[PDB]
Structures are given as C-alpha cells and as structure tokens.
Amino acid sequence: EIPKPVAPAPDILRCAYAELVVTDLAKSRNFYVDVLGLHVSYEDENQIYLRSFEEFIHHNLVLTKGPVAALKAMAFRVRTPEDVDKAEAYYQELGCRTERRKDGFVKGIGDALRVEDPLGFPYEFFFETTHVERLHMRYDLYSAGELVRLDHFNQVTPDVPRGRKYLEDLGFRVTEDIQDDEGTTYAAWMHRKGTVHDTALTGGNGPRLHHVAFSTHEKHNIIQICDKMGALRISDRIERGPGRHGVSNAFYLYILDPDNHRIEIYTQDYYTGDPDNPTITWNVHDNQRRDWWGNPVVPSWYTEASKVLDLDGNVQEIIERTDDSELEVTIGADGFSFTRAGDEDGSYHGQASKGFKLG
C-alpha cells in the first residue's frame, strides 16, 4: 500500500521525546514531577519540559496546556543535520503534509520537521538540541523509583502489516511480533537504537497513542512506583502490572496520568543491534506472550489510548480495525488462551486467566 520512496530514508538514532497535550498543567506537574520524579529542564504557565536521570538532550517529555488531551508529536533524533533534509524529501515523495521550522517547534530543539505520516501520526525529525547537565551520577537527587531513560513509544493502528512495511522502509528493524495460525497480525515491535524497540504497533482503532515508556535501573525501582502510588492512595491509576513481559522480556508497569495518557515503566530487555538479530513471533492465544506469568491483560489496555493531533492542532479521525481483535480472540466470550499449546489444563475459554472474566 505505502510504496518505498526513491529518496533515501533519514538515519534515525532513537526515540527522543513526546509532546503531550494536557488539560491542567498543575495536576500534570504533580504527576510527572511529584509522583514520578522527572527532572524539570524548563517550565512556564503553558509548558513543562522534563528529562530522565541519564539524559543529556534538552528533554524527553514536553507537556503543553490545551483544550483537548492528545499526542501532539512523537520525536525521533536523527544522526546529522542533513538527515532533517532527507526526512523532508522522504515524506514529500510519500505525499504527506510536512512542516519545517529552522527554529524548532518546542524549546530546546533547533531545526525540525513535523509530518502527518501515512498512518496519521504526527512524527518529528530533528538533530539540533540544547545539551543540559547529564544527571547520571547525581545520586543526591536519585529517587527510589528513578526514571533513567526514554525507551520507546507504542502506536495503535488498524492494519499492522501496512504500518510495519512502512516503518521497515524507514529503517526500523522488527524484533518480535504476535500473529495467529490464520495469518492475522496483532502487534509488532521495531527498533533503531539496539533495544527491543523505539516504537511499536498495536492493532486497533487508529491513529491513537497507546503509551510512552521510560526505563528504570532495576526491578525494585518499578516496585517502588507501585508502593508510592499506594501510599498517595492513587492505586486506581495503576492500570496493569507490574509484571514480566513475554514479548521483549522486560519487567513492566502501566500507569495513567491525569488525562489518561498511559505511561509504561520498563526495564531489562535485550540487545538487538546485530543485523541478523533473531526474530520472535508469538501466537496470540499464548497466555505467556504479554504477561509471562500468565496474569490477565486488563481490558482497558486493549481499548483505551490517547487521541492524536494533526499539524493544525486538530484531533485525527479514527479509522476502525477490521482484522480480528486481540481482546476478543483471547479474553472475550469466544476467545481462548493457553499455558501449554494443545494442553487443555491451564487454558481459558471465554474468559481471562486467574479466574476473571471481563467486567
């Protein structure tokens, strides 16, 4: 569907920051800085610029006050200045709306391209950025739940193979995926920096942003987040987890900000930088693929995701998935999942694992 341009792909380094529209800047500030302990690079009455403990670029998260909570841009750092020109020609050849600012769209970023990409997502490409104090040895500042890096984004899109091919052309390498025996793809993970992923597609009504993911050093740092959320009596904002993922093998947690933007806390996946890095495909009915301990996937995880904006700041039209639903085929009334393939013991039919059905 999406052809490969003749123009060369920009050389993408890694996911770098997201810009999220939030409704109430103070309430968001409490969440990101007071609960989560992210580091303020800059803030005013309109925006809060936040970085992780080990980051030296200006920010990993920008929160912008607005009327409608949404993703405004997912940004990728490119290797050279010229790569911003290479990105522009690329998305031009594709027929996508693009916007170039030599001065950047946000503080702490220089020359940048924003695009409405083929999947309806607002991507940013940029090289130039304001270096700040790298806080990686500032143990006087370290919190028990310290967020040390931006790791990845996850995008909800109807047709996964279509998006996958397009990301592949752009230079992302696919590391794992979820399929069924009848040829349906439910999800795919792909990378540039040599971790399991820098972004990922999740099958579903799209464009929507599923989540943004930050890394911690150790599993006990993720346990601390949960513990702190209990003490602040906000455990209702813990959406799902903690657990160990099947796909990626990372220890994980999903939480929800004031505007229901989903944040993932993530640690200890594996190295993927070799070009013949072996791929891993999971069957959708495998009850260890998402939570390795067989714990049930929370139904909100499959249905809820953030709005995304176009370049005029307007919410993008959602298109409905027509391929089968992961929720439905695993935990819905006609779904099933298994612990050992072909074994009736430890399998679930028409309900989730651990004795639950959908609420």
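Sequential numbering from 1, following the sequence displayed.
Asks: Mean CA temperature factor from the deposited coordinates, higher in 95 to 103 or in 204 to 212?
Replies: The recorded data point to 95 to 103.
Asks: Pick between 311 to 319 and 325 to 333: the one whose mean CA B-factor in the entry is higher.
Replies: Between 325 to 333 and 311 to 319, it is 311 to 319 that shows the higher mean C-alpha B-factor.
Asks: Take the CA temperature factors straight from the PDB entry and tell me which of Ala250, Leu113, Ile265, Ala231 peaks.
Replies: It is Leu113.
Asks: Using only modelled residues of the chain, where does the Cα B factor of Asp276 rank: lowest third, middle third or highest third?
Replies: Within its chain, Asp276 is a middle-third residue by C-alpha B-factor, going by the deposited values.
Asks: Sorting the chain's CA B-factors, does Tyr123 end up in the lowest, middle or highest third?
Replies: Its C-alpha B-factor, which the entry lists for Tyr123, ranks in the middle third among residues of this chain.
Asks: When the modelled residues of the chain are sorted by Cα temperature factor, does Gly145 land in the lowest, middle or highest third?
Replies: It falls in the bottom third of the chain.
Asks: Ordered by C-alpha B-factor within the chain, which third holds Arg162? Give me lowest, middle or highest, please.
Replies: Middle third.
Asks: Lowest, middle or highest third of the chain for the C-alpha temperature factor of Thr23?
Replies: It belongs to the highest third of the chain when residues are ordered by C-alpha B-factor.
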